[PDB]
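A.B. asks: For reference, this is protein33.cif, and it has mmCIF, C-alpha atoms.
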data_upload
#
loop_
_atom_site.label_atom_id
_atom_site.label_comp_id
_atom_site.auth_asym_id
_atom_site.auth_seq_id
_atom_site.Cartn_x
_atom_site.Cartn_y
_atom_site.Cartn_z
CA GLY M 3 144.78 136.08 16.45
CA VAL M 4 143.19 137.21 13.13
CA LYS M 5 140.32 139.69 13.60
CA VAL M 6 137.66 141.27 11.47
CA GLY M 7 139.13 143.79 9.02
CA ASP M 8 142.64 142.29 9.05
CA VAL M 9 144.20 141.37 5.66
CA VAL M 10 145.62 137.90 4.84
CA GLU M 11 147.32 136.29 1.83
CA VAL M 12 145.66 133.31 0.11
CA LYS M 13 145.92 131.63 -3.31
CA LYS M 14 143.33 132.51 -5.99
CA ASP M 15 143.73 131.02 -9.51
CA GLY M 16 147.38 130.10 -8.65
CA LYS M 17 148.26 133.69 -7.55
CA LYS M 18 149.03 134.89 -3.99
CA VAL M 19 146.44 137.60 -3.33
CA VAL M 20 145.23 139.70 -0.36
CA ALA M 21 141.81 139.09 1.17
CA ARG M 22 140.07 141.03 3.98
CA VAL M 23 138.61 139.18 6.97
CA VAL M 24 134.89 140.01 7.03
CA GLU M 25 133.73 137.49 9.69
CA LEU M 26 135.08 135.01 12.31
CA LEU M 27 133.27 131.65 12.61
CA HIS M 28 134.08 128.30 14.28
CA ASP M 29 134.17 124.73 12.87
CA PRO M 30 133.21 122.39 15.79
CA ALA M 31 134.48 119.33 13.83
CA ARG M 32 138.07 120.60 13.36
CA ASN M 33 137.71 122.56 16.66
CA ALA M 34 139.39 125.56 14.96
CA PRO M 35 138.36 129.13 13.96
CA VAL M 36 137.27 129.75 10.33
CA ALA M 37 137.36 133.20 8.66
CA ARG M 38 135.04 134.51 5.92
CA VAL M 39 137.44 136.44 3.62
CA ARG M 40 136.57 138.81 0.73
CA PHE M 41 138.85 139.36 -2.30
CA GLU M 42 139.31 142.62 -4.22
CA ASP M 43 136.60 141.69 -6.76
CA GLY M 44 134.00 140.72 -4.13
CA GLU M 45 134.51 136.93 -4.31
CA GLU M 46 134.30 135.33 -0.83
CA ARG M 47 135.76 132.20 0.66
CA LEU M 48 135.96 130.39 4.01
CA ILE M 49 139.50 129.64 5.26
CA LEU M 50 140.79 127.80 8.33
CA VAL M 51 142.57 130.41 10.51
CA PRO M 52 146.33 129.60 10.38
#
Show me, as structure tokens, the structure contained in the file I just sent.
C.D. replies:
Amino acid sequence: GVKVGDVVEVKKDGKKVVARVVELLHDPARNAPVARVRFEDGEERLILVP
């Protein structure tokens, strides 16, 4: 149920940190939503939506 602008916790360099959801995509292979998240410093990452 994660949507654009929401905030989630992920690991970055062994530390639990907050990232902001900037985009919702879909992985046809895993048949599951994927979110483009952006960290405080501007780094981005793709994460499978829990």
A.B. asks: Please define a box with edges along x, y and z of the file around all atoms of stretch 17-32 of chain M given in the file, extend it by 3 Å on each side, and return its centre and edge lengths in Å to one decimal, as AutoDock Vina command-line options.
C.D. replies:
--center_x 141.1 --center_y 130.2 --center_z 4.1 --size_x 21.8 --size_y 27.7 --size_z 29.3
A.B. asks: Using the chain letters and numbers from the file, which residues does the PyMOL selection byres ((chain M and resi 25-36) around 8) grab, as a list in words?
C.D. replies: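 For this structure, the PyMOL selection byres ((chain M and resi 25-36) around 8) captures residues 5, 6, 23, 24, 37, 38, 39, 48, 49, 50 and 51 of chain M.
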A.B. asks: So what do you get for atom CA of residue M:45 versus atom CA of residue M:8, distance-wise?
C.D. replies: 16.5 Å
A.B. asks: What is the distance, in Å and to one decimal place, between atom CA of residue M:41 and atom CA of residue M:22?
C.D. replies: 6.6 Å
A.B. asks: Considering all atoms listed in the file, state which residue in the set M:52, M:46, M:21, M:15 is at the smallest distance from residue M:3.
C.D. replies: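 The closest residue to residue M:3 is M:52.
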A.B. asks: Can you sort out stretch 21-40 of chain M so it carries N, CA, C and O atoms, written as a PDB file, keeping the file's coordinate frame?
C.D. replies:
ATOM      1  N   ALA M  21     143.233 139.076   0.853  1.00  0.00           N
ATOM      2  CA  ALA M  21     141.810 139.090   1.170  1.00  0.00           C
ATOM      3  C   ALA M  21     141.592 139.772   2.516  1.00  0.00           C
ATOM      4  O   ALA M  21     142.496 139.808   3.350  1.00  0.00           O
ATOM      5  N   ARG M  22     140.400 140.338   2.703  1.00  0.00           N
ATOM      6  CA  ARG M  22     140.070 141.030   3.980  1.00  0.00           C
ATOM      7  C   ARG M  22     139.147 140.130   4.808  1.00  0.00           C
ATOM      8  O   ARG M  22     138.193 139.579   4.244  1.00  0.00           O
ATOM      9  N   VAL M  23     139.450 139.989   6.096  1.00  0.00           N
ATOM     10  CA  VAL M  23     138.610 139.180   6.970  1.00  0.00           C
ATOM     11  C   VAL M  23     137.331 139.943   7.220  1.00  0.00           C
ATOM     12  O   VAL M  23     137.360 141.077   7.714  1.00  0.00           O
ATOM     13  N   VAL M  24     136.202 139.331   6.865  1.00  0.00           N
ATOM     14  CA  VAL M  24     134.890 140.010   7.030  1.00  0.00           C
ATOM     15  C   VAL M  24     134.108 139.376   8.187  1.00  0.00           C
ATOM     16  O   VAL M  24     133.176 140.020   8.679  1.00  0.00           O
ATOM     17  N   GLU M  25     134.482 138.165   8.604  1.00  0.00           N
ATOM     18  CA  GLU M  25     133.730 137.490   9.690  1.00  0.00           C
ATOM     19  C   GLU M  25     134.567 136.355  10.297  1.00  0.00           C
ATOM     20  O   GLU M  25     135.361 135.748   9.568  1.00  0.00           O
ATOM     21  N   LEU M  26     134.390 136.116  11.598  1.00  0.00           N
ATOM     22  CA  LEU M  26     135.080 135.010  12.310  1.00  0.00           C
ATOM     23  C   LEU M  26     134.022 133.981  12.698  1.00  0.00           C
ATOM     24  O   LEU M  26     133.032 134.365  13.337  1.00  0.00           O
ATOM     25  N   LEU M  27     134.205 132.740  12.262  1.00  0.00           N
ATOM     26  CA  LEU M  27     133.270 131.650  12.610  1.00  0.00           C
ATOM     27  C   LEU M  27     134.061 130.517  13.274  1.00  0.00           C
ATOM     28  O   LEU M  27     135.283 130.658  13.448  1.00  0.00           O
ATOM     29  N   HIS M  28     133.380 129.429  13.620  1.00  0.00           N
ATOM     30  CA  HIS M  28     134.080 128.300  14.280  1.00  0.00           C
ATOM     31  C   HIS M  28     133.585 126.979  13.683  1.00  0.00           C
ATOM     32  O   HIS M  28     132.367 126.832  13.497  1.00  0.00           O
ATOM     33  N   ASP M  29     134.524 126.083  13.379  1.00  0.00           N
ATOM     34  CA  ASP M  29     134.170 124.730  12.870  1.00  0.00           C
ATOM     35  C   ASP M  29     134.285 123.780  14.065  1.00  0.00           C
ATOM     36  O   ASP M  29     135.417 123.499  14.483  1.00  0.00           O
ATOM     37  N   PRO M  30     133.163 123.285  14.632  1.00  0.00           N
ATOM     38  CA  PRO M  30     133.210 122.390  15.790  1.00  0.00           C
ATOM     39  C   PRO M  30     133.949 121.080  15.480  1.00  0.00           C
ATOM     40  O   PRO M  30     134.608 120.578  16.361  1.00  0.00           O
ATOM     41  N   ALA M  31     133.816 120.576  14.251  1.00  0.00           N
ATOM     42  CA  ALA M  31     134.480 119.330  13.830  1.00  0.00           C
ATOM     43  C   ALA M  31     135.993 119.428  13.959  1.00  0.00           C
ATOM     44  O   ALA M  31     136.579 118.600  14.672  1.00  0.00           O
ATOM     45  N   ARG M  32     136.601 120.419  13.301  1.00  0.00           N
ATOM     46  CA  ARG M  32     138.070 120.600  13.360  1.00  0.00           C
ATOM     47  C   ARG M  32     138.444 121.331  14.656  1.00  0.00           C
ATOM     48  O   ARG M  32     139.644 121.431  14.944  1.00  0.00           O
ATOM     49  N   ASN M  33     137.446 121.808  15.408  1.00  0.00           N
ATOM     50  CA  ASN M  33     137.710 122.560  16.660  1.00  0.00           C
ATOM     51  C   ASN M  33     138.742 123.652  16.349  1.00  0.00           C
ATOM     52  O   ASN M  33     139.771 123.706  17.039  1.00  0.00           O
ATOM     53  N   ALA M  34     138.456 124.479  15.345  1.00  0.00           N
ATOM     54  CA  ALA M  34     139.390 125.560  14.960  1.00  0.00           C
ATOM     55  C   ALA M  34     138.598 126.729  14.367  1.00  0.00           C
ATOM     56  O   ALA M  34     137.536 126.495  13.776  1.00  0.00           O
ATOM     57  N   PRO M  35     139.071 127.982  14.511  1.00  0.00           N
ATOM     58  CA  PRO M  35     138.360 129.130  13.960  1.00  0.00           C
ATOM     59  C   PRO M  35     138.410 129.112  12.430  1.00  0.00           C
ATOM     60  O   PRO M  35     139.356 128.609  11.869  1.00  0.00           O
ATOM     61  N   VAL M  36     137.358 129.641  11.810  1.00  0.00           N
ATOM     62  CA  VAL M  36     137.270 129.750  10.330  1.00  0.00           C
ATOM     63  C   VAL M  36     136.957 131.216  10.018  1.00  0.00           C
ATOM     64  O   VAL M  36     136.141 131.802  10.741  1.00  0.00           O
ATOM     65  N   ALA M  37     137.596 131.781   8.996  1.00  0.00           N
ATOM     66  CA  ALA M  37     137.360 133.200   8.660  1.00  0.00           C
ATOM     67  C   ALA M  37     136.693 133.329   7.293  1.00  0.00           C
ATOM     68  O   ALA M  37     137.102 132.618   6.363  1.00  0.00           O
ATOM     69  N   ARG M  38     135.684 134.197   7.210  1.00  0.00           N
ATOM     70  CA  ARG M  38     135.040 134.510   5.920  1.00  0.00           C
ATOM     71  C   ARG M  38     135.866 135.652   5.322  1.00  0.00           C
ATOM     72  O   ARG M  38     135.884 136.735   5.926  1.00  0.00           O
ATOM     73  N   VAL M  39     136.579 135.392   4.227  1.00  0.00           N
ATOM     74  CA  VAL M  39     137.440 136.440   3.620  1.00  0.00           C
ATOM     75  C   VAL M  39     136.833 136.920   2.304  1.00  0.00           C
ATOM     76  O   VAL M  39     136.094 136.151   1.672  1.00  0.00           O
ATOM     77  N   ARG M  40     137.097 138.183   1.960  1.00  0.00           N
ATOM     78  CA  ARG M  40     136.570 138.810   0.730  1.00  0.00           C
ATOM     79  C   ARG M  40     137.731 139.352  -0.104  1.00  0.00           C
ATOM     80  O   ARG M  40     138.541 140.123   0.433  1.00  0.00           O
TER      81      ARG M  40
END
